[PDB]
Amino acid sequence: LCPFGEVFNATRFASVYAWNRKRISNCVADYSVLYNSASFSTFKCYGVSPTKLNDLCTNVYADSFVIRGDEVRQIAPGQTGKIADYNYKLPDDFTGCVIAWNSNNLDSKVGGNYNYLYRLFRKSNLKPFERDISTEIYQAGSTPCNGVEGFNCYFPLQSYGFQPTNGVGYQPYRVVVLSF
Amino acid sequence: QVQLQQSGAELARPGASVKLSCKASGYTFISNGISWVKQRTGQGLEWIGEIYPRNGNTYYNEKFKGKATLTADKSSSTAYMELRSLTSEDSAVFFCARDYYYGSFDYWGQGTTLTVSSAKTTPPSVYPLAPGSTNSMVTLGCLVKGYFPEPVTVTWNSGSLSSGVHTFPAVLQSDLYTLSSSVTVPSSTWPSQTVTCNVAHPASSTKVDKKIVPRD
Amino acid sequence: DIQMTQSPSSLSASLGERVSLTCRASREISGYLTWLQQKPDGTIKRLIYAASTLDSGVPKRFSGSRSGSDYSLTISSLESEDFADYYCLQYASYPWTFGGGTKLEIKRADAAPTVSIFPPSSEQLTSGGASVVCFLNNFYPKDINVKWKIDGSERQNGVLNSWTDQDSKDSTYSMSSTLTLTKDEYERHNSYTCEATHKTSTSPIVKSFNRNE
């Protein structure tokens, strides 16, 4: 029996820029129990059908992180935006499922939770399944930075602002991507 | 093609605020910083400040803190500079320019001339300047007094006289503009042949022709 | 803060002459220096960036160099289009700062002005105002002094002066000086005199008229 309970029920989720990966190998799992569960706001399967998930194969990958509700769209085969370009990219030939659920009750705090980070600046886009965790100051213009933070010399990581009374689009959503 | 298109020439009253625009097209607006530069007539260039449109971060020259406020609009790919509590000292040309990845400013807007004045549109008074009274050459003139705003165009004989003409830049006198123009021609041609200054003030739609007649 | 000290502020030169303009940075700028040219119409064009890199569409007579904290813009042989304003600009640190500029003008022989005095027109006198105009034309160099007198005594208040740019024909300067008085103030005096003092001579060029002539 697969340790999916460790992935979906972990108290702490990773920041999207430092997205967590957990490989699931010699075990059995009931993929249709998760699909019809009234716990997930999103369960989109690309390349495979969510009905025939049990009647299929290999090892599985479970990537997890937290993003804004209006960024759940970027976790798809051919998307653009700060998260899809600089944080987590799924290939066009992606075979797997993107799972998400509102975690406002868990990851928002009175006055704001700023512990969840995303990459805002980068000289280049990420390749599918690439994890970038470097912290190099970004030279936004012609003035050199010299490793010193200042105007147009920005740290690449920024904090999300998770407040409980935010609208659904600005609320935290826990994401689990299963790759096959 | 990369282009920065600034707002048209602007007139504002003292104490008032103005909002200048700098439209960027031919590249992705959030990629580069947009900076502003002030230049008073006959004076040097002054760095006002810069805005990075992607995050809205700004940096100002201490002399322009409070006076100017830079904002950006990702939706319309347009940069803005709001100038507050306007005084005659703020009358200058304002430029926007692009702070590229390397090489400092690569492209520049055309400029926006700002005039801070309480004056109303007034047509000039055109006076002839004839000698009171003889050399081989005679200097004649044209006094264009008390108009607003600038500019006026001055010609002599509909533009046919174009040698020995000096049109002076306007000076501010009693909150209105005044300038003069001189023309030097042979004495054998004046007053035998006619000499007339033609003055046009576009803003008040006035076109005046003053023939220089000798004094009595 | 980084102060860019640009010298000379003004420079007179001839065609084919070799000229160098300097910008001293008050602190280390590591070659992040731009040279700009402003033409008399106001158009700005970048000549050099990174202290020595020539921009595409800039002629080869232009070059940038650096000794220590002194950055130079050299024009190997001056052309007609080169008589313009030059500014340096540092971009090593925020706030970016400009040098004070260099006005490059055409050198020519000295010339005294042709002085002309004009009484107020009859038309102006009907309006209640009286301007007395004096032209000081085609002189070199630009430095000149004008003095007004009324019945032999200097009049320092009510005077406004205006200067032209270098003449396209002969490279001289001209200047207008205007004395504004009311029609009543004008009608109380007889002689009005404009005197010019210029390096070309120790004695002033004097022009006068008498009101009812």
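Reminder, nothing fancy here: chain letters follow the sequence lines and each chain counts from 1.
- Atom CD of A:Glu6 sits in a sparse spot, with 12 or fewer heavy atoms from other residues, nucleotides or ligands closer than 6.0 Å.
- Within a 6.0 Å sphere centred on NZ of B:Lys23, other residues, nucleotides and ligands contribute more than 12 heavy atoms.
- No more than 12 heavy atoms of other residues, nucleotides or ligands sit less than 6.0 Å from atom CD of C:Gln3.
- Taking the ring centre of B:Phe64 as origin, the terminal cationic atom of B:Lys38 falls outside the region bounded by 6.0 Å and 45° from the ring axis.
- Between C:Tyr91 and B:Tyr100, the distance separating the two ring centers is not shorter than 6.0 angstrom.
- Between C:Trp35 and C:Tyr71, the ring centre distance reaches or exceeds 6.0 Å.
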Starting from the C-alpha separation in whole Å, work towards a yes-or-no answer on ring pair (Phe, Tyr, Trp, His ring centres under 6.0 Å) for C:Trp96 and C:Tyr94.
CA-CA 5 Å; C:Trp96 291 8; C:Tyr94 281 100; 5.8 Å; yes
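- Here A:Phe129 and A:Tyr61 keep their ring centres 6.0 angstrom or further from each other.
- Here the two rings, on A:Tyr154 and A:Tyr138, have centers that are 6.0 Å apart or farther.
- By the neighbour-count criterion of 12 heavy atoms within 6.0 Å, atom NZ of A:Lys44 is sparsely surrounded, having that number or fewer from other residues, nucleotides or ligands.
- In this structure, C:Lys39 does not pair ionically with C:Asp41, as no charged nitrogen and carboxylate oxygen lie closer than 4.0 Å.
- C:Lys45 NZ: more than 12 foreign heavy atoms inside a 6.0 Å radius.
- With A:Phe13 as the partner, the ring-ring contact (aromatic ring centres under 6.0 Å, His included) test is satisfied by one option alone out of A:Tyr116, A:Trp101, A:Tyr173: A:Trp101.
- Annotation for B:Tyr102: atom OH does not count as buried by contact number, only 12 or fewer foreign heavy atoms lying within 6.0 Å.
- For A:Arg122 and A:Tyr86, the positive end is not near the middle of the six-membered ring at less than 6.0 Å and at most 45° from its axis.
- Within a 6.0 Å sphere centred on CD of A:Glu130, other residues, nucleotides and ligands contribute more than 12 heavy atoms.
- A search for side-chain contact (heavy atoms from CB on, under 4.5 Å) contacts involving B:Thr41 returns nothing, not counting sequence neighbours.
- We find that A:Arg119 and A:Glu136 are not joined by a salt bridge, their nearest charged nitrogen and carboxylate oxygen being 4.0 Å or further apart.
- Proximity of the aromatic rings of B:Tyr27 and B:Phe29 is defined here by a centroid distance below 6.0 angstrom, and this criterion is not met.
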CA sep, side-chain torsions, deciding dist, call: B:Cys96, B:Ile34, side chain to side chain contact (heavy atoms under 4.5 Å, CB included)
CA-CA 7 Å; B:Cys96 64; B:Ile34 294 301; 4.2 Å; yes
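- For A:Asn59, the CG atom sits in a packed shell: over 12 heavy atoms of surrounding residues, nucleotides or ligands are nearer than 6.0 Å.
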